Protein chains: 2
Amino acid sequence: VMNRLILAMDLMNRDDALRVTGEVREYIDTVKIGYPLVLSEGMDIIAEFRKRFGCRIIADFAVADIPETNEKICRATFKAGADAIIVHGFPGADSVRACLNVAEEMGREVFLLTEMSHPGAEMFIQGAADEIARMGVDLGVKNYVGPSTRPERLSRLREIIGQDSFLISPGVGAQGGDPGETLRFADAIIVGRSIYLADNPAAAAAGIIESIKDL
Amino acid sequence: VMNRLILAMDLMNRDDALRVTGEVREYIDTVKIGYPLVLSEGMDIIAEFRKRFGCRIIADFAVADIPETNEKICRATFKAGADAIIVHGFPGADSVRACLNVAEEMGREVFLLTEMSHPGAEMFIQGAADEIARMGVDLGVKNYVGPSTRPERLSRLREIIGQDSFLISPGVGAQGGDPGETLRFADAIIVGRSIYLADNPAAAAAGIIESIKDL
Ligand SMILES: N#Cc1cc(=O)[nH]c(=O)n1[C@@H]1O[C@H](COP(=O)(O)O)[C@@H](O)[C@H]1O
Ligand SMILES: N#Cc1cc(=O)[nH]c(=O)n1[C@@H]1O[C@H](COP(=O)(O)O)[C@@H](O)[C@H]1O
């Protein structure tokens, strides 16, 4: 992705979301849109963004249901024009396979969320995350998400998925993660609040890119 | 809930969803609406249903993000008129507490999904589910979801949460669960396809209720 930086656009107002995304568009190639924006403004916002900004859109829907419901969520999400969807691994292989089947049908991609970035991830997800990643490899998953806030776990995840797999990583900035350290292991970093809550989101994005280029 | 039966309305067309819900409204008082319907027809469908049918609405959004994102999802979902939201416990206590805080602010309820009903739940979720349920109890959660497809696990869940907690259970019918056995432990059953894919959804609901009344 352009500059190895993905904008997490979690503003909950179409006007603010459009303003900030337009201000930082020169510095990115992909926008992650999640439920805060979609549930506030509708699924139509995905195709609006994709057209207006000519960016790729990852739907961060943390898909975490039974196989049959997962298939329906993926179908609706790709129909809305998303390029990829983020799916939890913790509910197991059949739930992940359902999403992979729809992505295959529709010519799109699945990202598998292994370990989450927030403190509570330590309770249950962290102890299963290596096995969730290995499950991903066995299912043929090629795109993964893992935590900026724990670079030793990001390293272990990269070890499991290999160098050919694509790995993106949230928790940079607001949650405490560092762009340069995270990019030792991940291919791209996700950044939300550090950019979209900044007084000057373009300046915040540019500052991040400047530290990335230096690596 | 009326007749201990909650309709899982996962049709993805407003006209079909309205038809079936109207046909079975005499047999229920609560409708579970999830992402298949919401992502196809918009969040406004929640208030439409609540008004048209005068039913309680549980938003089954399997909420499974970091605390800050969970808060935004819950806020948008209650603003849309939902009475309650279903939240995963696997991501940990901070993520669950975020949802509880918004529910407290807005006068609504959180249901904690412990163990899921599909086969893949056995991989990772089942081994954590007793601890997820105990975490719920410690956080003061009073409403829980657990699997019709494993009544021995539903029994263990009920043991952890006590008799005062409210427990609803999906996986009845299509996934293999039985209404009567599940209601030995759960307060209410969730039923989707066995009703909404039936040639006569009212007859399917009535058939289920006749077997419930007999218990
Ligand atoms: N993908 C994802 C997800 C999984 C995870 O483990 N940690 C995250 O922060 N996220 C999402 O990434 C973004 C992080 O944004 P921020 O830079 O912390 O403001 C949010 O959309 C959050 O919901
Ligand atoms: N709530 C929930 C959820 C958690 C779980 O462990 N198992 C489920 O089936 N569900 C949901 O309950 C409904 C079950 O519907 P059905 O009766 O199997 O057609 C679906 O909306 C499914 O997504």
# chains A, B, ... in the order shown; residues from 1 in each chain; ligands from 1
call {"tool": "residues_near_ligand", "arguments": {"ligand": "ligand 2", "cutoff": "7 Å", "atoms": "only C-alpha atoms and all ligand atoms", "output": "compact mmCIF listing (two decimals) with N, CA and C atoms, in the first residue's frame"}}
result
# COMPACT_ATOMS: atom_id res chain seq x y z
N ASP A 65 -18.92 -14.68 13.43
CA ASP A 65 -20.18 -15.42 13.60
C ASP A 65 -20.02 -16.87 13.11
N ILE A 66 -21.16 -17.57 13.06
CA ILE A 66 -21.18 -18.95 12.56
C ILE A 66 -20.98 -18.91 11.03
N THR A 69 -23.76 -17.22 8.76
CA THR A 69 -23.93 -15.77 8.94
C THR A 69 -22.72 -15.05 8.38
N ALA B 8 -34.67 -15.06 14.93
CA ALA B 8 -33.43 -14.54 14.35
C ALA B 8 -33.81 -14.17 12.91
N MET B 9 -33.96 -12.87 12.69
CA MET B 9 -34.37 -12.41 11.36
C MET B 9 -33.17 -12.10 10.47
N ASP B 10 -32.67 -13.15 9.79
CA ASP B 10 -31.48 -13.03 8.93
C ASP B 10 -31.77 -13.11 7.42
N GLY B 34 -29.43 -8.97 12.93
CA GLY B 34 -27.99 -9.01 12.82
C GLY B 34 -27.50 -8.28 11.58
N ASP B 60 -27.76 -8.34 17.09
CA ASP B 60 -26.72 -9.36 17.15
C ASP B 60 -25.53 -8.97 16.30
N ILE B 86 -25.54 -7.88 21.38
CA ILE B 86 -24.72 -9.05 21.72
C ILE B 86 -23.26 -8.76 21.48
N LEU B 113 -21.88 -13.07 24.70
CA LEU B 113 -21.72 -14.35 24.00
C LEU B 113 -20.50 -15.04 24.58
N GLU B 115 -19.89 -19.21 24.66
CA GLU B 115 -19.52 -20.26 23.73
C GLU B 115 -20.45 -20.22 22.55
N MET B 116 -19.90 -20.33 21.34
CA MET B 116 -20.71 -20.31 20.10
C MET B 116 -21.20 -21.72 19.79
N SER B 117 -22.21 -21.77 18.91
CA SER B 117 -22.93 -23.01 18.66
C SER B 117 -22.41 -23.86 17.50
N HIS B 118 -21.55 -23.31 16.62
CA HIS B 118 -21.14 -24.04 15.44
C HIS B 118 -19.91 -24.94 15.72
N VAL B 145 -25.40 -15.49 26.27
CA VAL B 145 -25.77 -16.34 25.12
C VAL B 145 -24.87 -17.57 25.15
N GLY B 146 -25.48 -18.76 25.00
CA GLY B 146 -24.69 -19.98 24.92
C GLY B 146 -25.42 -21.01 24.06
N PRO B 147 -24.73 -22.11 23.75
CA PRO B 147 -25.10 -22.93 22.57
C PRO B 147 -26.15 -24.04 22.74
N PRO B 170 -28.97 -19.81 20.79
CA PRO B 170 -29.16 -20.15 19.38
C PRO B 170 -28.63 -21.54 19.03
N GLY B 171 -28.97 -21.96 17.81
CA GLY B 171 -28.60 -23.29 17.32
C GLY B 171 -29.73 -24.29 17.37
N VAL B 172 -30.97 -23.80 17.56
CA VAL B 172 -32.16 -24.66 17.62
C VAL B 172 -32.66 -24.83 16.20
N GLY B 173 -32.93 -26.07 15.82
CA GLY B 173 -33.49 -26.38 14.49
C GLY B 173 -32.39 -26.65 13.49
N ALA B 174 -32.13 -25.65 12.64
CA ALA B 174 -31.19 -25.88 11.54
C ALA B 174 -29.85 -26.45 12.02
N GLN B 175 -29.29 -25.91 13.09
CA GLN B 175 -27.97 -26.35 13.54
C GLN B 175 -28.01 -27.65 14.33
N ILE B 190 -33.34 -18.94 20.55
CA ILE B 190 -33.30 -18.18 19.30
C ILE B 190 -33.51 -19.15 18.15
N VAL B 191 -34.42 -18.79 17.23
CA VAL B 191 -34.65 -19.64 16.05
C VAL B 191 -34.72 -18.76 14.82
N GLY B 192 -33.91 -19.11 13.82
CA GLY B 192 -33.83 -18.39 12.56
C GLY B 192 -34.40 -19.21 11.42
N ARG B 193 -33.56 -19.98 10.74
CA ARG B 193 -33.94 -20.66 9.50
C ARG B 193 -35.15 -21.59 9.64
N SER B 194 -35.26 -22.32 10.74
CA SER B 194 -36.40 -23.25 10.95
C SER B 194 -37.72 -22.53 10.84
call {"tool": "interface_residues", "arguments": {"of": "chain A", "to": "chain B", "cutoff": "8 Å", "atoms": "only C-alpha atoms", "output": "number ranges by chain"}}
result
A: 35-36, 39-40, 42-43, 62, 64-67, 69, 72-73, 76-77, 90-95, 116-125, 128
call {"tool": "select_by_dssp", "arguments": {"residues": "chain B", "states": "strand (DSSP E or B)", "output": "PyMOL selection string"}}
result
chain B and resi 5-9+30-34+56-63+84-88+109-113+143-145+166-169+172+177+188-191
call {"tool": "residues_around", "arguments": {"residues": "residue B:195", "least_positions_apart": "6", "cutoff": "7 Å", "atoms": "only C-alpha atoms", "output": "PyMOL selection string"}}
result
chain B and resi 201+204-205
call {"tool": "write_last_selection", "arguments": {"atoms": "N, CA, C and O atoms", "output": "PDB file, in the first residue's frame"}}
result
ATOM      1  N   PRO B 201     -43.981 -19.934   7.793  1.00  0.00           N
ATOM      2  CA  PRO B 201     -43.299 -19.527   9.026  1.00  0.00           C
ATOM      3  C   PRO B 201     -44.197 -19.482  10.269  1.00  0.00           C
ATOM      4  O   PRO B 201     -43.749 -19.880  11.335  1.00  0.00           O
ATOM      5  N   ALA B 204     -44.549 -22.967  11.441  1.00  0.00           N
ATOM      6  CA  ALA B 204     -43.293 -23.432  12.046  1.00  0.00           C
ATOM      7  C   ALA B 204     -43.155 -22.882  13.463  1.00  0.00           C
ATOM      8  O   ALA B 204     -42.808 -23.621  14.380  1.00  0.00           O
ATOM      9  N   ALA B 205     -43.401 -21.583  13.631  1.00  0.00           N
ATOM     10  CA  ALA B 205     -43.346 -20.969  14.993  1.00  0.00           C
ATOM     11  C   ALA B 205     -44.338 -21.606  15.947  1.00  0.00           C
ATOM     12  O   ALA B 205     -44.028 -21.946  17.095  1.00  0.00           O
TER      13      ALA B 205
END
call {"tool": "residues_around", "arguments": {"residues": "stretch 52-54 of chain A", "least_positions_apart": "5", "cutoff": "12 Å", "atoms": "only C-alpha atoms", "output": "number ranges by chain"}}
result
A: 17-31, 45-47, 81, 83
call {"tool": "select_by_dssp", "arguments": {"residues": "stretch 27-144 of chain A", "states": "alpha helix (DSSP H)", "output": "ChimeraX atom specification"}}
result
/A:35-41,44-53,67-79,93-106,125-139
